[PDB]
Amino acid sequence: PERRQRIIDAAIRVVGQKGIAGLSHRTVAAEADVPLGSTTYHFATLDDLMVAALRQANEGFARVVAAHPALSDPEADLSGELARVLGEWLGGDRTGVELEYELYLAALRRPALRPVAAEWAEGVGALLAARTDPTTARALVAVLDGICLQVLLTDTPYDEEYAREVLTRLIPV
């Protein structure tokens, strides 16, 4: 909408800046300059807020993906295309990727494993599987996360030639 978006976005800012533990209806209300009542009208559980909060992250990346139709194209360079999705998803200030692991964190611990968890590589994996084979796809997916992980945990800049190379090795024939 735009009421509820302001809210989610605020939840978003509250967390990369104060983490899983700094975000509650009241703190999101503050950050959004929005009544608590609005806040709760749109999100009953604190979960729904974090759930929406992430699924948005998840939709942001799927929009980087959807911006490279070539991935599903067999004539196109698979490795190359993936390294460029990763190059984009990271270029900027990582914010949505901070979210996705921050999410993965709250996820692991919680029974809210699934939305953050699978949703990410569900579409990616589904696409990669169709475009290669199941094994490769799980491998491709696992390395996306790894590569991304490294880039944040080590705070290094993304090496696109590098990912391209790595990805190519997991791709057969």
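Residue numbers here begin at 1 and follow the sequence given.
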Once average C-alpha B-factors are taken from the entry for 134-142 and 117-125, the winner is 117-125
Return whichever of 33-41 and 104-112 has the greater mean Cα B factor according to the PDB record.
104-112
Identity of residue with top Cα B-factor, from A57, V28, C148, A67
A57
Of the choices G87, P74, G80, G92, which one's C-alpha carries the largest B-factor in the record?
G92
Sort the modelled residues of this chain by their C-alpha B factor and say whether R3 lands in the lowest, middle or highest third.
highest
Divide the modelled residues of the chain into thirds by Cα B-factor and specify which third, lowest, middle or highest, holds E165.
lowest
